[PDB]
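Here is the structure we will look at.
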Amino acid sequence: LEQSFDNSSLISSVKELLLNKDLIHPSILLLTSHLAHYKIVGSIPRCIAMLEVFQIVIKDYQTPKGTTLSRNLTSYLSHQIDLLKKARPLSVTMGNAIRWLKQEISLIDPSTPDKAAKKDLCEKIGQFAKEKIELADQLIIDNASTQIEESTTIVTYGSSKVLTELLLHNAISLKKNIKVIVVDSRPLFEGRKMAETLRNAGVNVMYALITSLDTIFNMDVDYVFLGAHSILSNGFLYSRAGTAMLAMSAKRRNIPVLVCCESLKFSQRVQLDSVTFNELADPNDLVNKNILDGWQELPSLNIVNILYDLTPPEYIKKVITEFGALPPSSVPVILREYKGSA
Amino acid sequence: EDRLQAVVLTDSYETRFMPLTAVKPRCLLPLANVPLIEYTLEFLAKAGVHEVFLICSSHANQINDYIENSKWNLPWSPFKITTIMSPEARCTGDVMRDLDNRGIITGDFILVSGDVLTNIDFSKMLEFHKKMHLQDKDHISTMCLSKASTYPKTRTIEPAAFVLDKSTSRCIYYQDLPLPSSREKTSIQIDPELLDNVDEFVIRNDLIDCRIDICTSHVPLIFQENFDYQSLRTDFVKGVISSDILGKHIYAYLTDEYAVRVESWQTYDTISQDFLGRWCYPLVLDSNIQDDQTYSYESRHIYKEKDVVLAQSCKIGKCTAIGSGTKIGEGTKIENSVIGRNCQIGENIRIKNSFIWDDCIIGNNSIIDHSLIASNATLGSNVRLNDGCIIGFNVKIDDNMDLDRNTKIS
Amino acid sequence: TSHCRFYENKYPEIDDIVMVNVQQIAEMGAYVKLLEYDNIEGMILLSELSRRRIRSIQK
Amino acid sequence: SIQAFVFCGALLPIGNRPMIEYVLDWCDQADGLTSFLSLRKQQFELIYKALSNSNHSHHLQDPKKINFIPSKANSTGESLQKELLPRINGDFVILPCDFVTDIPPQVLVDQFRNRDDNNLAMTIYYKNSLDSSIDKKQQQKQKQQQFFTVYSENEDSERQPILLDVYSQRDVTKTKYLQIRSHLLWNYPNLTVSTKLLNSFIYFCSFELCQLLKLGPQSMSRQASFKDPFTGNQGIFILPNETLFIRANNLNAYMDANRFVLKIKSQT
């Protein structure tokens, strides 16, 4: 109660909406129970999953009697959004996809016989997942592969989103020597998902933990890469928690820090303090007769966890996006010149 | 309760290590730079035993010279150590009838067969044994076994079916099982007549044998009359549970962590990398216990003693170990490979995954993959080794010679 | 041997209509190879491809 | 979506409610319990349905197609497969004839919801319940059922247990004497069977009606041999499931249903 941060209402832990007011798609109930119960995702996996379940929910139209397709679908899809809003708070890859999707719903005209609706929403959202995600990531690979010399190391963090393919490309498709160090954190052990895939493909993975973060950097080490959840308007990064400690340790021990991001993921909002806009994530996960049971019913005890916190832009040497490399203080120029306009 | 007795029965696996093992026993081979008797001995001294009985079926003099020059024939060792001389190549089992004819053993004791390497607190195995005593007066033994659930099919020689109880973990039945190279032999049989009053049982393959059996002194007297048994588990634990003697049940324990036993080189490599990595805490290598070494520990799993001469422009990768007094040279490469004491490594060699033992003068430019070199076997210039070679003790090799896969040269 | 001419003139003489594919675009425009004289190649200007400035994500 | 089905197997209602009314309007109490359509034969429908079609305030939407052949005149499998290509709308669910439960099927249909592990068919079961003592009856008919009991240690798959084989009393334990294959022992390396398991016959379903049209799996009768073909190589093909729990539920198959409704199932 001294800082009162545990009563931050940016997430609501209410569950079990039983209301049959709308036709909630059973696939989207599978998607929400797949997100919120056992988190299998990053950010662009959530974006591709949300996008290819909205694919199915527009393919299964079921239009009402007197309402045109241009006058129902945004409210229907917003009530589809509300279940994910209950499940897990949204990324910017959530938001900059759904507002684009609503803008593309808006420019349809009341003459579609609900047969070309597929041909201008399914194909167009496939062009979205092609353009603003996948070939953009292909440009990320082809832009960041020239900035890695042979026989070096890489320190990623958590589950990567795009640069798993970068490490696989520079490991196998370009055959230059590389020694990836993957480090992750309690409780979402999502660096192991990178470690299984990278070592299954046959690259020198050396897993670690973030508590032992000192002895990684005392080896021969350079080129810390970082997956991003969003990049703010100032230059502050925003990603899975525990990123910023190895960011400040990496800048402290004068070895460079990079962020592989794409122009879909830049955000309009602004913050500079870490615990301001943030997600509380289910404090029963930090236990696994257990070690302790019942932080409740014991007065004066609490268990907190944080998913998201900010590296200051002094630490990131280079944000790379599909247009090119850039200093992190110069992200509003791609907020204004390229995001949305491309 | 106390006054724990014990018996180690080595020298039954000389079929396995045949290019080696004919000049010094299996039990006297250096797993990590030191001959692996003490990998059993420090364990069962931490178990707190008071006497052991080394069965030495072969090379009995070069057992006892090491034993008298050990730290165990000095008057503060937690057990006194005794040996048993032997005519050559006895099958197991009949050593226990010879023991019963001699009549030394009274009380609970360890039937440690083979040569093990483990981290399990044997103290918490005592209360399982005593709970077996209190809740059953028809007990035989307990059989601790590991839970290697992430890998079947790769515990090489014998795969087994340790079918046992749900609740009490009483070993129901046992059966030998064929190999992944054989697609032919596809059946096992468990006849349900003895399966009457069990009502809950589990059949697993992911339990690796480690031959650490602790029992009561009744069961060698049980084993005395039934003189048909020649193995320890292919015949006995089948032939003691298969309705043969009534009112004699055998139990088996499952641990949760690392406890393993030597089978062959496709297990010797794996246990060498598990021990040399930090997969064997706390029984680890850098503690400098056995023959008062001076191993230090960098990151990336590097083990070096004192007086190591690492030459300039060499690189030493993951999971290696180098003894004292050695000398490597310019352009060499070391990776995932233990190197014995006092050797002389030459120039530009890429040693990888090969277990080079003591006093091995390796010539220049002679790269090595998995070719573990026993003691005093020198090499020469441009001697390209390859996979599977288990080149033996004191083997002179001339220059420019190539080897093949599993060329067991001696 | 592999492929050859259409109509015995070495190049597509001035102001005819042929078909190409774009090979790569860096700063000159595309290095379009002519699909009628397959092994040959020409090029094309950036401002000539549409009127719109081509994004790299569009490129 | 979901499609229901009911097969054909004292016979009077004991606890002042017909047994078919139990399953039909207790499978629909919470609101994934809403099915698209349920199916049933006639089977003296004027005794059961004319009382089970009471209290029309829930607006029960029932297209119930009546067949004649799957009513014990033929085995369920080969008579059933020729009545599924006109009976396809999505995912299938079967039910037995005189089923009874205590916990509603909401957790059952939710365990059929959260199935991202591309599996085929869960079979939620339950063993025999907590009876009194040694029975004052004849020999114990313990049908030896063969399966994978507890959840495995390995994550990312088989969070519900995978069914492996089926054998039984009176034909296998007196002839083949509980043999277990080695290929089915290596893959899924921790087989765990028990004998108290009552086959609850619930047997959810999926688009394996769209899968199975290759030759060989049409030989199954009475719904047993669908993973008894291991269908590997001598990697692994399609795979069904299983689920069970601890206590607090009841059903009936044999003639102990009288003592069940007498002293185990009291409607109070």
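Residues are named by chain letter and number: chains run A, B, ... in the order of the structure tokens, numbers start at 1 in each chain, and ligands are numbered from 1 in the order shown.
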
Inset, instruction - Give me, as a PyMOL selection string, the contact residues of chain D against chain B at a cut-off of 8 Å, counting only C-alpha atoms. - result: chain D and resi 153-154+173+177-183+185-186+189-196+234

Please determine the contact residues of chain D with respect to chain A at a cut-off of 12 Å, counting only C-alpha atoms, and supply them as a PDB file with N, CA and C atoms, in the first residue's frame.
```
ATOM      1  N   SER D   1     -20.215 -27.990 -36.353  1.00  0.00           N
ATOM      2  CA  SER D   1     -20.029 -27.930 -34.909  1.00  0.00           C
ATOM      3  C   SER D   1     -20.342 -29.273 -34.268  1.00  0.00           C
ATOM      4  N   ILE D   2     -20.845 -29.225 -33.037  1.00  0.00           N
ATOM      5  CA  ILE D   2     -21.145 -30.432 -32.277  1.00  0.00           C
ATOM      6  C   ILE D   2     -22.415 -31.088 -32.809  1.00  0.00           C
ATOM      7  N   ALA D  30     -26.041 -26.067 -18.789  1.00  0.00           N
ATOM      8  CA  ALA D  30     -25.250 -24.850 -18.893  1.00  0.00           C
ATOM      9  C   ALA D  30     -25.298 -24.312 -20.319  1.00  0.00           C
ATOM     10  N   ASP D  31     -25.097 -23.007 -20.455  1.00  0.00           N
ATOM     11  CA  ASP D  31     -25.192 -22.371 -21.766  1.00  0.00           C
ATOM     12  C   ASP D  31     -24.278 -21.159 -21.923  1.00  0.00           C
ATOM     13  N   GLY D  32     -21.019 -24.682 -24.127  1.00  0.00           N
ATOM     14  CA  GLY D  32     -20.845 -25.628 -25.213  1.00  0.00           C
ATOM     15  C   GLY D  32     -21.775 -26.820 -25.122  1.00  0.00           C
ATOM     16  N   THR D  34     -24.939 -26.654 -25.832  1.00  0.00           N
ATOM     17  CA  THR D  34     -25.955 -26.537 -26.866  1.00  0.00           C
ATOM     18  C   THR D  34     -25.489 -27.240 -28.135  1.00  0.00           C
ATOM     19  N   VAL D 109     -17.158 -31.048 -22.316  1.00  0.00           N
ATOM     20  CA  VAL D 109     -17.108 -30.356 -23.595  1.00  0.00           C
ATOM     21  C   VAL D 109     -15.997 -29.313 -23.605  1.00  0.00           C
ATOM     22  N   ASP D 110     -15.587 -28.786 -22.441  1.00  0.00           N
ATOM     23  CA  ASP D 110     -14.442 -27.870 -22.412  1.00  0.00           C
ATOM     24  C   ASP D 110     -13.127 -28.604 -22.666  1.00  0.00           C
ATOM     25  N   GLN D 111     -12.979 -29.801 -22.089  1.00  0.00           N
ATOM     26  CA  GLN D 111     -11.853 -30.664 -22.414  1.00  0.00           C
ATOM     27  C   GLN D 111     -11.885 -31.123 -23.858  1.00  0.00           C
ATOM     28  N   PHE D 112     -13.050 -31.139 -24.489  1.00  0.00           N
ATOM     29  CA  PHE D 112     -13.043 -31.308 -25.930  1.00  0.00           C
ATOM     30  C   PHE D 112     -12.802 -29.994 -26.675  1.00  0.00           C
ATOM     31  N   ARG D 113     -13.009 -28.840 -26.031  1.00  0.00           N
ATOM     32  CA  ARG D 113     -12.698 -27.569 -26.685  1.00  0.00           C
ATOM     33  C   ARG D 113     -11.197 -27.392 -26.845  1.00  0.00           C
ATOM     34  N   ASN D 114     -10.462 -27.420 -25.733  1.00  0.00           N
ATOM     35  CA  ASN D 114      -9.086 -26.903 -25.716  1.00  0.00           C
ATOM     36  C   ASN D 114      -8.082 -27.921 -26.268  1.00  0.00           C
ATOM     37  N   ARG D 115      -8.268 -28.268 -27.541  1.00  0.00           N
ATOM     38  CA  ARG D 115      -7.579 -29.406 -28.138  1.00  0.00           C
ATOM     39  C   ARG D 115      -6.683 -29.034 -29.313  1.00  0.00           C
ATOM     40  N   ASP D 116      -5.832 -28.023 -29.117  1.00  0.00           N
ATOM     41  CA  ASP D 116      -4.844 -27.513 -30.071  1.00  0.00           C
ATOM     42  C   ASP D 116      -3.784 -28.535 -30.477  1.00  0.00           C
ATOM     43  N   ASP D 117      -3.739 -29.695 -29.828  1.00  0.00           N
ATOM     44  CA  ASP D 117      -2.732 -30.724 -30.040  1.00  0.00           C
ATOM     45  C   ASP D 117      -3.129 -31.727 -31.116  1.00  0.00           C
ATOM     46  N   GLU D 155       5.748 -32.443 -21.100  1.00  0.00           N
ATOM     47  CA  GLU D 155       4.823 -31.402 -21.492  1.00  0.00           C
ATOM     48  C   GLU D 155       4.752 -31.379 -23.022  1.00  0.00           C
ATOM     49  N   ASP D 156       3.950 -30.450 -23.560  1.00  0.00           N
ATOM     50  CA  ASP D 156       3.736 -30.100 -24.980  1.00  0.00           C
ATOM     51  C   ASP D 156       2.906 -31.158 -25.709  1.00  0.00           C
TER      52      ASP D 156
END
```

Inset, instruction - Excluding residue C:49 and any residue of its chain fewer than 2 positions from it, enumerate the residues within 12 Å of it, using only C-alpha atoms, and give them as number ranges by chain. - result: C: 22, 25, 28-30, 32, 43-47, 51-55, 59

Inset, instruction - Output the contact residues of chain A with respect to chain C at a cut-off of 8 Å, based on only C-alpha atoms, as a VMD selection string. - result: chain A and resid 131 to 132 135 to 136 139 322 to 323 342

Legend entry - Contact residues around residue B:288 with only C-alpha atoms at 12 Å, ignoring same-chain residues under 4 positions, as number ranges by chain: B: 32-34, 283-284, 292-297, 303-306, 323

Export of the given selection (C-alpha atoms) as a PDB file, in the first residue's frame:
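Result saved to result.pdb:
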```pdb
ATOM      1  CA  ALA B  32      37.702 -38.283 -15.826  1.00  0.00           C
ATOM      2  CA  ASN B  33      41.494 -38.603 -15.453  1.00  0.00           C
ATOM      3  CA  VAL B  34      41.230 -40.995 -12.476  1.00  0.00           C
ATOM      4  CA  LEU B 283      29.574 -35.063  -7.315  1.00  0.00           C
ATOM      5  CA  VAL B 284      31.499 -32.859  -9.726  1.00  0.00           C
ATOM      6  CA  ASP B 292      44.514 -34.310  -4.973  1.00  0.00           C
ATOM      7  CA  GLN B 293      44.368 -32.608  -8.367  1.00  0.00           C
ATOM      8  CA  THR B 294      44.241 -28.841  -8.953  1.00  0.00           C
ATOM      9  CA  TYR B 295      41.277 -28.396 -11.269  1.00  0.00           C
ATOM     10  CA  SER B 296      39.987 -24.866 -11.714  1.00  0.00           C
ATOM     11  CA  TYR B 297      36.715 -23.910 -13.373  1.00  0.00           C
ATOM     12  CA  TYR B 303      38.899 -27.831 -16.399  1.00  0.00           C
ATOM     13  CA  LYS B 304      42.590 -27.110 -15.952  1.00  0.00           C
ATOM     14  CA  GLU B 305      45.042 -28.208 -13.294  1.00  0.00           C
ATOM     15  CA  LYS B 306      48.238 -26.409 -12.336  1.00  0.00           C
ATOM     16  CA  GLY B 323      45.560 -32.498 -16.658  1.00  0.00           C
TER      17      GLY B 323
END
```

Inset, instruction - Would you kindly return, as number ranges by chain, each protein, DNA or RNA residue with an atom no farther than 9 Å from any atom of residue B:17, considering only C-alpha atoms and excluding same-chain residues fewer than 5 positions away? - result: B: 22, 26, 264-265

Those selected residues, please, written with N, CA, C and O atoms and delivered as a PDB file, in the first residue's frame.
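Generated output (result-v3.pdb):
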```pdb
ATOM      1  N   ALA B  22      42.437 -55.840 -21.266  1.00  0.00           N
ATOM      2  CA  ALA B  22      43.236 -57.047 -21.135  1.00  0.00           C
ATOM      3  C   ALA B  22      44.581 -56.791 -20.478  1.00  0.00           C
ATOM      4  O   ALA B  22      45.329 -57.740 -20.236  1.00  0.00           O
ATOM      5  N   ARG B  26      38.445 -53.264 -16.144  1.00  0.00           N
ATOM      6  CA  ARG B  26      37.470 -52.221 -16.454  1.00  0.00           C
ATOM      7  C   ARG B  26      37.365 -51.217 -15.318  1.00  0.00           C
ATOM      8  O   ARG B  26      37.233 -50.011 -15.552  1.00  0.00           O
ATOM      9  N   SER B 264      28.979 -49.350 -21.943  1.00  0.00           N
ATOM     10  CA  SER B 264      29.874 -49.417 -23.090  1.00  0.00           C
ATOM     11  C   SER B 264      30.229 -47.992 -23.480  1.00  0.00           C
ATOM     12  O   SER B 264      29.839 -47.038 -22.799  1.00  0.00           O
ATOM     13  N   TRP B 265      30.938 -47.841 -24.603  1.00  0.00           N
ATOM     14  CA  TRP B 265      31.426 -46.521 -24.992  1.00  0.00           C
ATOM     15  C   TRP B 265      30.303 -45.600 -25.442  1.00  0.00           C
ATOM     16  O   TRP B 265      30.400 -44.380 -25.272  1.00  0.00           O
TER      17      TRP B 265
END
```

Kindly provide the residues of chain A that approach chain B to within 12 Å, each paired with its closest atom pair and their distance in Å to one decimal, based on only C-alpha atoms, listed by chain and increasing number, as a tab-separated table.
```
residue	atom	partner	partner_atom	distance
A:179	CA	B:317	CA	11.1
A:181	CA	B:300	CA	11.4
A:204	CA	B:318	CA	10.0
A:205	CA	B:318	CA	11.2
A:206	CA	B:300	CA	8.9
A:207	CA	B:300	CA	11.2
A:208	CA	B:300	CA	11.3
A:212	CA	B:299	CA	11.3
A:214	CA	B:299	CA	11.1
A:215	CA	B:299	CA	7.3
A:216	CA	B:299	CA	8.3
A:217	CA	B:299	CA	10.6
A:218	CA	B:299	CA	8.8
A:219	CA	B:299	CA	7.6
A:220	CA	B:300	CA	10.6
```

Resulting file, chosen residues, C-alpha atoms, as an mmCIF file, in the first residue's frame:
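Result file part13.cif:
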```
data_model
loop_
_atom_site.group_PDB
_atom_site.id
_atom_site.type_symbol
_atom_site.label_atom_id
_atom_site.label_comp_id
_atom_site.auth_asym_id
_atom_site.auth_seq_id
_atom_site.Cartn_x
_atom_site.Cartn_y
_atom_site.Cartn_z
ATOM 1 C CA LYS A 179 27.427 -19.090 -31.029
ATOM 2 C CA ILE A 181 23.465 -17.526 -26.064
ATOM 3 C CA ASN A 204 25.854 -23.812 -30.928
ATOM 4 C CA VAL A 205 23.160 -22.809 -28.444
ATOM 5 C CA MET A 206 24.218 -22.176 -24.859
ATOM 6 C CA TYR A 207 21.156 -21.577 -22.677
ATOM 7 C CA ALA A 208 21.450 -19.644 -19.416
ATOM 8 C CA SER A 212 23.618 -15.693 -13.760
ATOM 9 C CA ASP A 214 27.211 -11.630 -15.092
ATOM 10 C CA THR A 215 29.138 -14.681 -16.254
ATOM 11 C CA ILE A 216 27.744 -14.546 -19.785
ATOM 12 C CA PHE A 217 29.235 -11.120 -20.388
ATOM 13 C CA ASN A 218 32.653 -12.034 -18.975
ATOM 14 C CA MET A 219 33.232 -14.353 -21.945
ATOM 15 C CA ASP A 220 33.956 -13.336 -25.529
#
```

Legend entry - All strand (DSSP E or B) residues (DSSP, backbone) inside stretch 203-370 of chain B, as an MDAnalysis selection string: chainID B and resid 203:204 213:215 249 251 253:254 259:261 296:297 302:304 309 315:316 320:322 327 333:335 338:339 344:345 350:352 356 361:362 368:369

Writing out the chosen residues with N, CA and C atoms as an mmCIF file, in the first residue's frame:
```
data_model
loop_
_atom_site.group_PDB
_atom_site.id
_atom_site.type_symbol
_atom_site.label_atom_id
_atom_site.label_comp_id
_atom_site.auth_asym_id
_atom_site.auth_seq_id
_atom_site.Cartn_x
_atom_site.Cartn_y
_atom_site.Cartn_z
ATOM 1 N N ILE B 203 4.036 -50.252 -16.062
ATOM 2 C CA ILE B 203 5.112 -50.873 -16.833
ATOM 3 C C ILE B 203 5.864 -49.799 -17.608
ATOM 4 N N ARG B 204 7.151 -49.658 -17.314
ATOM 5 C CA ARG B 204 7.955 -48.577 -17.851
ATOM 6 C C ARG B 204 9.178 -49.137 -18.556
ATOM 7 N N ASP B 213 21.699 -52.558 -5.370
ATOM 8 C CA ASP B 213 20.661 -53.296 -4.672
ATOM 9 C C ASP B 213 21.066 -53.452 -3.217
ATOM 10 N N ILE B 214 20.188 -53.048 -2.307
ATOM 11 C CA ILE B 214 20.414 -53.250 -0.884
ATOM 12 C C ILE B 214 19.267 -54.086 -0.337
ATOM 13 N N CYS B 215 19.612 -55.051 0.504
ATOM 14 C CA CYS B 215 18.727 -56.162 0.826
ATOM 15 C C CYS B 215 18.883 -56.482 2.305
ATOM 16 N N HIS B 249 8.672 -61.168 -1.600
ATOM 17 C CA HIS B 249 8.413 -60.095 -2.549
ATOM 18 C C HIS B 249 9.622 -59.174 -2.637
ATOM 19 N N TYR B 251 11.152 -55.396 -3.946
ATOM 20 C CA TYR B 251 10.739 -54.018 -4.155
ATOM 21 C C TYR B 251 11.795 -53.279 -4.965
ATOM 22 N N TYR B 253 13.037 -49.098 -6.134
ATOM 23 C CA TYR B 253 12.923 -47.675 -5.857
ATOM 24 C C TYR B 253 13.189 -46.865 -7.120
ATOM 25 N N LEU B 254 12.499 -45.742 -7.257
ATOM 26 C CA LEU B 254 12.752 -44.811 -8.346
ATOM 27 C C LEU B 254 13.178 -43.474 -7.760
ATOM 28 N N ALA B 259 21.588 -40.926 -11.781
ATOM 29 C CA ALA B 259 22.218 -42.109 -11.199
ATOM 30 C C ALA B 259 22.400 -43.118 -12.318
ATOM 31 N N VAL B 260 23.649 -43.405 -12.679
ATOM 32 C CA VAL B 260 23.948 -44.077 -13.935
ATOM 33 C C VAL B 260 25.068 -45.086 -13.704
ATOM 34 N N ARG B 261 25.242 -45.991 -14.669
ATOM 35 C CA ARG B 261 26.207 -47.077 -14.571
ATOM 36 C C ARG B 261 26.824 -47.330 -15.940
ATOM 37 N N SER B 296 40.717 -26.116 -11.793
ATOM 38 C CA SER B 296 39.987 -24.866 -11.714
ATOM 39 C C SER B 296 38.844 -24.895 -12.715
ATOM 40 N N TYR B 297 37.925 -23.949 -12.563
ATOM 41 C CA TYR B 297 36.715 -23.910 -13.373
ATOM 42 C C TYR B 297 36.488 -22.519 -13.932
ATOM 43 N N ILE B 302 35.419 -25.363 -18.681
ATOM 44 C CA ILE B 302 36.853 -25.650 -18.788
ATOM 45 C C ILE B 302 37.479 -26.131 -17.468
ATOM 46 N N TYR B 303 38.231 -27.230 -17.544
ATOM 47 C CA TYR B 303 38.899 -27.831 -16.399
ATOM 48 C C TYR B 303 40.392 -27.818 -16.668
ATOM 49 N N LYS B 304 41.142 -27.106 -15.837
ATOM 50 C CA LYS B 304 42.590 -27.110 -15.952
ATOM 51 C C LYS B 304 43.208 -27.269 -14.576
ATOM 52 N N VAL B 309 50.437 -25.811 -19.817
ATOM 53 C CA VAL B 309 51.071 -24.892 -20.751
ATOM 54 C C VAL B 309 50.136 -24.803 -21.950
ATOM 55 N N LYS B 315 42.616 -22.313 -29.078
ATOM 56 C CA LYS B 315 41.250 -22.106 -28.634
ATOM 57 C C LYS B 315 40.724 -23.397 -28.037
ATOM 58 N N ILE B 316 40.020 -23.275 -26.918
ATOM 59 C CA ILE B 316 39.562 -24.421 -26.147
ATOM 60 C C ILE B 316 38.068 -24.241 -25.918
ATOM 61 N N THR B 320 35.675 -29.250 -21.764
ATOM 62 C CA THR B 320 36.962 -29.920 -21.863
ATOM 63 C C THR B 320 37.579 -30.082 -20.483
ATOM 64 N N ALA B 321 38.699 -30.804 -20.449
ATOM 65 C CA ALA B 321 39.423 -31.054 -19.211
ATOM 66 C C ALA B 321 40.859 -31.410 -19.548
ATOM 67 N N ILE B 322 41.807 -30.726 -18.915
ATOM 68 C CA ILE B 322 43.227 -30.898 -19.193
ATOM 69 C C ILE B 322 43.955 -31.144 -17.878
ATOM 70 N N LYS B 327 51.284 -30.007 -22.637
ATOM 71 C CA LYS B 327 51.799 -28.965 -23.514
ATOM 72 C C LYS B 327 51.047 -29.067 -24.825
ATOM 73 N N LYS B 333 43.088 -27.032 -31.613
ATOM 74 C CA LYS B 333 41.696 -26.784 -31.258
ATOM 75 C C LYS B 333 41.218 -27.897 -30.345
ATOM 76 N N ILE B 334 40.594 -27.525 -29.232
ATOM 77 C CA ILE B 334 40.076 -28.475 -28.258
ATOM 78 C C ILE B 334 38.585 -28.223 -28.111
ATOM 79 N N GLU B 335 37.788 -29.290 -28.141
ATOM 80 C CA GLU B 335 36.348 -29.140 -27.939
ATOM 81 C C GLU B 335 35.761 -30.448 -27.436
ATOM 82 N N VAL B 338 38.183 -34.703 -22.984
ATOM 83 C CA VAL B 338 39.054 -34.755 -21.816
ATOM 84 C C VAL B 338 40.453 -35.184 -22.248
ATOM 85 N N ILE B 339 41.463 -34.508 -21.710
ATOM 86 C CA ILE B 339 42.857 -34.750 -22.053
ATOM 87 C C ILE B 339 43.598 -35.165 -20.793
ATOM 88 N N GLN B 344 51.849 -34.532 -24.575
ATOM 89 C CA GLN B 344 52.590 -33.590 -25.420
ATOM 90 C C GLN B 344 51.797 -33.422 -26.714
ATOM 91 N N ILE B 345 50.914 -32.438 -26.743
ATOM 92 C CA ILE B 345 50.132 -32.163 -27.942
ATOM 93 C C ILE B 345 50.983 -31.331 -28.893
ATOM 94 N N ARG B 350 42.961 -30.745 -34.340
ATOM 95 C CA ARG B 350 41.592 -30.445 -33.937
ATOM 96 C C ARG B 350 41.038 -31.644 -33.175
ATOM 97 N N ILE B 351 41.339 -31.685 -31.878
ATOM 98 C CA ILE B 351 40.780 -32.714 -31.013
ATOM 99 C C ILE B 351 39.318 -32.394 -30.745
ATOM 100 N N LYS B 352 38.445 -33.371 -30.969
ATOM 101 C CA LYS B 352 37.019 -33.149 -30.784
ATOM 102 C C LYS B 352 36.370 -34.448 -30.338
ATOM 103 N N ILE B 356 41.339 -38.494 -24.562
ATOM 104 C CA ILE B 356 42.767 -38.781 -24.601
ATOM 105 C C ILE B 356 43.263 -38.942 -23.172
ATOM 106 N N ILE B 361 51.795 -38.499 -26.492
ATOM 107 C CA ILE B 361 52.484 -37.546 -27.354
ATOM 108 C C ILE B 361 51.819 -37.615 -28.725
ATOM 109 N N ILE B 362 51.005 -36.620 -29.043
ATOM 110 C CA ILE B 362 50.309 -36.570 -30.322
ATOM 111 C C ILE B 362 51.113 -35.716 -31.290
ATOM 112 N N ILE B 368 41.528 -35.454 -34.830
ATOM 113 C CA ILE B 368 40.978 -36.560 -34.055
ATOM 114 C C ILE B 368 39.507 -36.280 -33.781
ATOM 115 N N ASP B 369 38.638 -37.235 -34.115
ATOM 116 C CA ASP B 369 37.221 -37.157 -33.780
ATOM 117 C C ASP B 369 36.809 -38.475 -33.143
#
```

Legend entry - Residues near residue D:53, cut-off 10 Å, only C-alpha atoms, skip fewer than 6 positions along chain, as a list in words: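 Near residue D:53, the qualifying residues are residues 21, 24, 25 and 60 of chain D.
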
Go ahead and dump the residues you just picked, N, CA, C and O atoms, as an mmCIF file, in the first residue's frame.
```
data_model
loop_
_atom_site.group_PDB
_atom_site.id
_atom_site.type_symbol
_atom_site.label_atom_id
_atom_site.label_comp_id
_atom_site.auth_asym_id
_atom_site.auth_seq_id
_atom_site.Cartn_x
_atom_site.Cartn_y
_atom_site.Cartn_z
ATOM 1 N N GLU D 21 -34.504 -38.897 -20.231
ATOM 2 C CA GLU D 21 -34.719 -37.492 -19.888
ATOM 3 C C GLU D 21 -33.526 -36.915 -19.135
ATOM 4 O O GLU D 21 -33.179 -35.739 -19.339
ATOM 5 N N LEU D 24 -30.840 -36.196 -21.905
ATOM 6 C CA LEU D 24 -31.237 -35.200 -22.894
ATOM 7 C C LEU D 24 -31.368 -33.803 -22.307
ATOM 8 O O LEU D 24 -30.954 -32.832 -22.952
ATOM 9 N N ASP D 25 -31.933 -33.662 -21.108
ATOM 10 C CA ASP D 25 -32.022 -32.334 -20.522
ATOM 11 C C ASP D 25 -31.133 -32.137 -19.307
ATOM 12 O O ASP D 25 -31.391 -31.229 -18.509
ATOM 13 N N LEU D 60 -36.767 -26.433 -26.854
ATOM 14 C CA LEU D 60 -35.831 -27.486 -27.231
ATOM 15 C C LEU D 60 -35.927 -27.742 -28.730
ATOM 16 O O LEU D 60 -36.959 -28.208 -29.223
#
```

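Excluding residue A:272 itself and same-chain residues fewer than 5 positions from it, the residues having an atom within 12 Å of it are residues 231, 232, 233, 234, 235, 236, 237, 238, 277, 309, 310, 311, 312 and 313 of chain A, counting only C-alpha atoms.
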